[PDB]
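As structure tokens, one chain now follows by itself in the form solved without the ligand.
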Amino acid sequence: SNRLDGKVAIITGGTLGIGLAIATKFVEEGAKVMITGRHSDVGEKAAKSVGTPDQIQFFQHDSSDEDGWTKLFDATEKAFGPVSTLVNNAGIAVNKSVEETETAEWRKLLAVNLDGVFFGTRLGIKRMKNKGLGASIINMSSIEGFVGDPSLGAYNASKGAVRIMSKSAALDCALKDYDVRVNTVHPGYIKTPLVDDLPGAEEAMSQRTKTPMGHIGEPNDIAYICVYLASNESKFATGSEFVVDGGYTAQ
């Protein structure tokens, strides 16, 4: 407890699923949190479900919107003071092979999944460096940052990009003594209402040939590794990949 004392976090796609669990555990550990999402009705309800406005607020934002990133950092500083912590979690999927990926699908996925993490990481470095905040940028990749899936071509591209781009940012921040760390988190299959809405998905993901543990994870599994990475407990971790996948990538 109080593991995130004084931390001020932005979590993109923080209104649902993994992002909401990260926001929930962040507030529990003493962080101030701004969550983002596309819909104000969902986002304001999600903030209120976690805590009071002195603990957590909502900011409506598409991670692909470059100018909106400026407004997001400005809104978070006004509410909570200087931002110490960014979780780039907002993401979309396309269920296509490379072969069957339309160019519009490709561009839209990379706008959210790659441009979003680039915009957030670039602005985060500028706003958080040289302030003694113990600043941490946590870029959400996935098992699809390590291994191919034949039906997630564009997604694989975006997750491989986030994985290695994050190492560039980590090195630059370390060599320049910016007091900013950059790490990637790589979830395997995680049970969310969205997974619950695709009949057969959880059973398919739970097969031993997919997830050796024979079941999928829960949003809190990703929340706890993010608390570690946001905390000063991980002050010697930068440029690293943290996998929580029930053994998916070990076989």
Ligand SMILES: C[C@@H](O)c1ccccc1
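Quick note: we count residues from 1 along the sequence shown, nothing fancier.
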Handout entry: 70-78 versus 135-143 - greater average Cα B-factor per the deposited record
Key = 70-78
Handout entry: Stretch with the greater mean C-alpha B-factor as recorded in the entry, comparing 24-32 against 190-198
Key = 190-198
Completion exercise
Of the residues 108, 163, 122, 181, the one whose Cα carries the largest B-factor in the deposited record is 108
Practice task
Please pick out which of 185, 216, 223, 42 has the largest Cα B-factor as recorded in the entry.
Solution key: 42
Exercise for the section: For residue 130, return the chain-relative third of its C-alpha B-factor as stated in the PDB record: lowest, middle or highest. Expected result: highest
Completion exercise
Assert third(CA B-factor, residue 101) within chain per record equals middle
Fill in the blank from the handout: Of the three thirds of the chain ranked by Cα temperature factor, residue 152 occupies the middle
Handout entry: Third of chain Cα B-factors occupied by residue 16
Key = highest
Exercise for the section: Would you please rank residue 170 by its C-alpha temperature factor against the other modelled residues of its chain and give the third it falls in: lowest, middle or highest? Expected result: lowest
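Just so it is clear, the following notes concern the form solved in complex with the ligand, a form of the same protein that is not shown.
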Exercise for the section: Quick one: borrow the ligand from its position in the bound PDB entry, overlay the C-alphas round the pocket, and report open or blocked for the shown form (blocked = 3+ atoms within 2.4 Å of backbone or C-beta). Expected result: open
Problem - Distance check, residue 95 to the ligand in the bound PDB entry, heavy atom within 4.5 Å - result: yes
Practice task
Determine whether any heavy atom of residue 119 comes within 4.5 Å of a heavy atom of the ligand in the bound PDB entry, and answer yes or no.
Solution key: no
Practice task
Indicate whether the ligand has at least one heavy atom within 4.5 Å of a heavy atom of residue 27 in the bound PDB entry.
Solution key: no
Practice task
Could you confirm whether residue 205 comes within 4.5 Å of the ligand in the bound PDB entry, counting heavy atoms only?
Solution key: yes
Exercise for the section: Tell me, out of 152, 162, 173, 83, which residue has a non-hydrogen atom within 4.5 angstroms of the ligand in the bound PDB entry. Expected result: 152
Practice task
Scan 171-200 and note down the residues that get a heavy atom within 4.5 Å of the ligand in the bound PDB entry; none is a fine answer too.
Solution key: 189
